[PDB]
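First comes the structure, then the notes that go with it.
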Amino acid sequence: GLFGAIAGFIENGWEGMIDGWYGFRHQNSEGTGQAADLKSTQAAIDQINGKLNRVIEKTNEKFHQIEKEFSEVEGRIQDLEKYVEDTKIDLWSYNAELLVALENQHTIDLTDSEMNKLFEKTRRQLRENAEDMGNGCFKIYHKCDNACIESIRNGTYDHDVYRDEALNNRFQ
Amino acid sequence: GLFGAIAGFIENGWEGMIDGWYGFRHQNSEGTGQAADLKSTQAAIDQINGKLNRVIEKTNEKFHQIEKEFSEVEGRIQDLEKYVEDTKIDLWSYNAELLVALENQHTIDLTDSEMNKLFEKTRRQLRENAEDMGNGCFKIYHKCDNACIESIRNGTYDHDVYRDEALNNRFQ
Amino acid sequence: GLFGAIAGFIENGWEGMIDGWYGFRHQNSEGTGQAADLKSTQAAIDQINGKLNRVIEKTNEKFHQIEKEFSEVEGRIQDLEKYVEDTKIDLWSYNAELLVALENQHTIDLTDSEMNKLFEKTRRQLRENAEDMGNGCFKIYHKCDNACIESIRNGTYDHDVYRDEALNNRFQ
Amino acid sequence: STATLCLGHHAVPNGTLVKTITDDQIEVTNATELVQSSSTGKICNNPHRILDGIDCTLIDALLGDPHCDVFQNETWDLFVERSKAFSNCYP
Amino acid sequence: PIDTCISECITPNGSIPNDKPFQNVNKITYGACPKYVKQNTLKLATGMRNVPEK
Ligand SMILES: *[C@@H]1O[C@H](CO)[C@@H](O[C@@H]2O[C@H](CO)[C@@H](O)[C@H](O)[C@H]2NC(C)=O)[C@H](O)[C@H]1NC(C)=O
Ligand SMILES: *[C@@H]1O[C@H](CO)[C@@H](O)[C@H](O)[C@H]1NC(C)=O
Ligand SMILES: *[C@@H]1O[C@H](CO)[C@@H](O)[C@H](O)[C@H]1NC(C)=O
Ligand SMILES: *[C@@H]1O[C@H](CO)[C@@H](O)[C@H](O)[C@H]1NC(C)=O
Ligand SMILES: *[C@@H]1O[C@H](CO)[C@@H](O)[C@H](O)[C@H]1NC(C)=O
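Chains as they are written, first to last, in the entry's author numbering: chain A, 1 to 172; chain B, 1 to 172; chain C, 1 to 172; chain D, 9 to 99; chain E, 273 to 326.
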């Protein structure tokens with residue numbers, strides 16, 4: 001949550017969203033509609049799908065090792081074997097703990113960043129025609145029908161042809 | 001300093017700030033005032049308060065180990081014991097170095113992000129009534145008395161009722 | 001790529017840029033010009049120049065160790081020596097893999113953040129005189145000659161004296 | 009006619025130099041030490057059953073050296089073996 | 273020398289507090305001890321970047 005989008009200014013998730021991870025809910029004269037953003041969801045999923053194969057490539061293959069369970073008490077050599085195994089176990093347990101903590105932190109920051117990136121991309125499409133209400137939801141200042149909305153979601157929103165009407169609505 | 005808030009566009013800390021970590025300094029007709037933001041300070045402190053218990057949970061308990069100091073010279077077994085201990089020491093020293101470096105980097109990025117998040121939250125409260133002067137300080141474009149300022153700090157700033165006066169002051 | 005500047009809203013690198021890492025391309029009445037930003041490039045280079053001396057300070061100095069290659073087959077002691085060496089090798093290989101992955105991720109995020117920081121600094125210089133076109137390129141709304149542009153790049157852009165003309169050009 | 013609202017963060021006169029991924033030395037407001045590098049010089053006798061072996065090694069107390077007679081039937085969590093211990097029985 | 277006091281970690285140099293996660297006293301330890309590291313100091317930041325006035 002480094003960017004304050006998720007659990008920040010969005011303030012709420014959408015349990016009704018099953019199409020993807022990030023998406024839009026629009027409301028205009030025609031009526032409320034909902035869609036999912038495939039590009040951001042795919043980017044986040046792609047960055048998450050591995051994330052453990054990129055550090056621990058795979059399981060290495062160990063065949064013959066030392067004895068790790070002993071019946072009698074020998075002394076020096078058994079002490080050394082027990083010490084070596086305990087040291088290895090402690091070091092690998094620490095590696096696991098730290099790796100999982102780092103990966104979880106980065107995953108959370110990554111998804112937050114994807115949400116923020118989608119918000120900023122949308123805000124940059126609506127140059128002057130819309131105002132950010134602050135709850136993660138844009139107020140667009142002109143007649144924007146479903147074709148308009150799907151152009152916003154598409155990334156081909158033509159801001160120039162609504163600029164005059166939007167500016168007149170905003171600043172009166 | 002990934003967001004450029006601290007040591008970035010804020011450019012200066014406040015040694016006179018002792019109430020919290022992040023806060024506001026306002027100046028209006030009545031006079032200059034200063035306050036601290038409790039929510040951001042508490043969030044940063046909460047994220048920092050642990051940060052070492054979450055990786056190294058605690059100290060594990062070791063009772064009987066190998067000998068690590070030797071009087072005479074035996075040969076193979078003493079060499080192996082010395083090698084095992086030196087290997088463990090080097091690996092744990094590297095773990096300590098890397099862990100501290102990573103935690104420090106993340107702490108710095110975290111506090112920078114909290115500063116940026118406070119700035120963005122404030123900017124989103126003042127939708128069109130204020131302009132970011134760029135030095136981390138907002139110019140509000142209307143009569144904003146101490147009740148107005150404490151509403152900004154509160155998070156209940158009502159932007160709608162100053163919109164006309166502010167817009168008239170900005171764009172003439 | 002946590003901020004979406006590089007490979008995000010900039011969308012393209014400049015192979016013609018050899019002066020520095022980050023820079024500006026301006027176009028006005030006089031003609032197209034290009035320059036590099038020394039401050040951001042120097043900051044990124046400074047943060048990258050070390051980045052491996054700060055964790056692995058140097059090479060430690062090892063003189064007499066155990067035997068790691070054996071001719072005959074002894075049994076317990078040779079098994080223990082082989083196990084100790086294999087454990088050390090596996091642990092250090094994991095350390096190398098994780099360290100390189102973390103450093104690469106942070107370097108990419110760092111350079112992306114420097115690009116975003118330069119963009120935001122420039123945007124804050126042009127308070128109301130310019131509009132972000134969204135492709136990482138600003139449309140300035142007034143006569144801005146080469147002295148104007150080099151003032152923008154300098155960081156001493158005087159926004160107040162173009163505010164009226166720019167606002168008139170924007171909102172008509 | 010207009011108000012002003014600055015944002016800022018607290019600083020301190022003197023700061024502590026820490027080390028990050030991208031800085032050998034970077035100054036912060038506060039920092040805690042993570043390596044315990046000093047000792048009080050004395051062994052606390054709780055919660056561990058310490059057994060100070062005065063002039064007796066563990067093996068000498070085991071065999072039953074005369075000057076180790078006080079160590080018969082002793083138990084310990086940590087046997088502390090002093091450098092001054094010596095043997096005074098059959099070699 | 274032995275002392276009348278409470279401590280969970282004993283080194284040949286005496287008892288040490290185990291509140292810190294690492295120690296540089298001795299590699300020979302007994303009890304709930306910190307881990308032995310070669311560094312004599314490791315500072316963990318518990319505050320923000322310090323940018324003072326002027
Ligand atoms: C930095 O943080 C440490 C840890 O909280 C502070 O040290 C503590 O300060 C309180 C102040 O009342 C004392 O009661 C504790 O005994 C201190 N702990 C230790 C281990 O010394 C330190 O004061 C902080 N530094 C600043 C400048 O605030
Ligand atoms: C979205 O844009 C693409 C290309 O920009 C276009 O082919 C398509 O018809 C648009 N509308 C959709 C996919 O509904
Ligand atoms: C701040 O807001 C809360 C609730 O929004 C309100 O109860 C309080 O009176 C406000 N002013 C303060 C805390 O000074
Ligand atoms: C840039 O600014 C500096 C100081 O602000 C000034 O001395 C210099 O003449 C300016 N122009 C340049 C470096 O081209
Ligand atoms: C504290 O600050 C003073 C000056 O403000 C400085 O001389 C000193 O070195 C700093 N540190 C300590 C431990 O006093």
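Heads up, the beta-carbon is just placed ideally off N, CA and C, and yes, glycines get one too.
{"Check": "Could you check the C-alpha separation between A/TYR22 and C/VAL100 for me, to the nearest Å?", "Outcome": "31 Å"}
{"Check": "Going by C-alpha distance, which of B/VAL73, B/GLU97, B/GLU67 and B/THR156 is nearest B/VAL84?", "Outcome": "B/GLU67"}
{"Check": "Under the criterion of a Cβ to heavy atom distance below 7 Å, does C/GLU150 qualify as lining ligand 4?", "Outcome": "yes"}
{"Check": "Which residue comes first and which comes last in the beta strand (DSSP E) that contains D/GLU89?", "Outcome": "86-89"}
{"Check": "Closest by CA to D/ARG90, which one among E/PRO284, E/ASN312 and E/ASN296?", "Outcome": "E/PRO284"}
{"Check": "Are the beta-carbon atoms belonging to C/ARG153 and B/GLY134 less than 8 Å from one another?", "Outcome": "no"}
{"Check": "Using 10 angstroms around the beta-carbon of D/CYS52, count the other beta-carbons present and answer buried if the total reaches 16, otherwise exposed.", "Outcome": "buried"}
{"Check": "With 16 other CB atoms within 10 Å as the buried threshold, where does C/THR59 fall?", "Outcome": "exposed"}
{"Check": "Could you compute how far the alpha carbon of E/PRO289 sits from the alpha carbon of B/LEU110?", "Outcome": "30 Å"}
{"Check": "Could you run through the stretch 122-149 of chain B and flag, in chain order, every residue whose CB is less than 7 Å away from some CB of chain C?", "Outcome": "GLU131, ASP132 and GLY134"}
{"Check": "Whether or not the stretch 40-55 of chain C and the stretch 26-34 of chain D are in contact is what I'm after, with contact meaning three or more pairs of Cβ atoms, one per stretch, closer than 8 Å; do they touch?", "Outcome": "yes"}
{"Check": "Any idea what DSSP makes of B/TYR22, helix, strand or coil?", "Outcome": "strand"}
{"Check": "Contact defined as beta carbons within less than 8 Å: I believe D/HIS56 pairs with E/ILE300. What is the distance between those atoms, to the nearest angstrom?", "Outcome": "Not really, about 15 Å apart at Cβ, beyond 8 Å."}
{"Check": "In this structure, does DSSP put C/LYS88 in helix, strand or coil?", "Outcome": "helix"}
{"Check": "Apart from the five residues just before and just after E/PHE294, which ones in its own chain have a Cβ nearer than 6 Å to its Cβ?", "Outcome": "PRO306, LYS307 and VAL309"}
{"Check": "Quick check on D/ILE51 - is its C-beta less than 8 Å from some C-beta in chain C?", "Outcome": "no"}
{"Check": "Checking the sheet assignment: what are the DSSP bridge partners for D/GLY61?", "Outcome": "D/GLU89"}
{"Check": "Going along chain B in order, which residues have a C-beta closer than 7 Å to the C-beta of E/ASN312?", "Outcome": "What E/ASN312 touches in chain B: nothing, since even the nearest Cβ is about 11 Å away."}
{"Check": "According to DSSP, is A/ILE48 part of a helix, a strand, or is it coil?", "Outcome": "helix"}
{"Check": "What residues from the stretch 22-52 of chain C come within 9 Å of chain D, judged by C-beta to C-beta, listed N to C?", "Outcome": "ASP46, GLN47, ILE48, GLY50 and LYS51"}
{"Check": "Given a threshold of 16 other Cβ atoms within 10 Å of its Cβ, counted over all protein chains shown, does C/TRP14 qualify as buried or as exposed?", "Outcome": "exposed"}
{"Check": "Considering only their Cβ atoms, is the gap separating B/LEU80 from C/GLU114 smaller than 8 Å?", "Outcome": "no"}
{"Check": "Considering only DSSP beta bridges, list what E/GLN295 is partnered with.", "Outcome": "D/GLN44 and E/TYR308"}
{"Check": "Nearer than 7 Å: is that true of the beta carbon of C/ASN129 relative to any heavy atom of ligand 1?", "Outcome": "no"}
{"Check": "From what residue to what residue does the beta strand (DSSP E) around B/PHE171 run?", "Outcome": "Careful: B/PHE171 lies outside any beta strand (DSSP E), inside the alpha helix (DSSP H) at 163-171."}
{"Check": "Hey, could you find the ends of the beta strand (DSSP E) D/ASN54 is sitting in?", "Outcome": "51-54"}
{"Check": "Please confirm whether any heavy atom of ligand 2 lies closer than 7 Å to the CB of A/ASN154.", "Outcome": "yes"}
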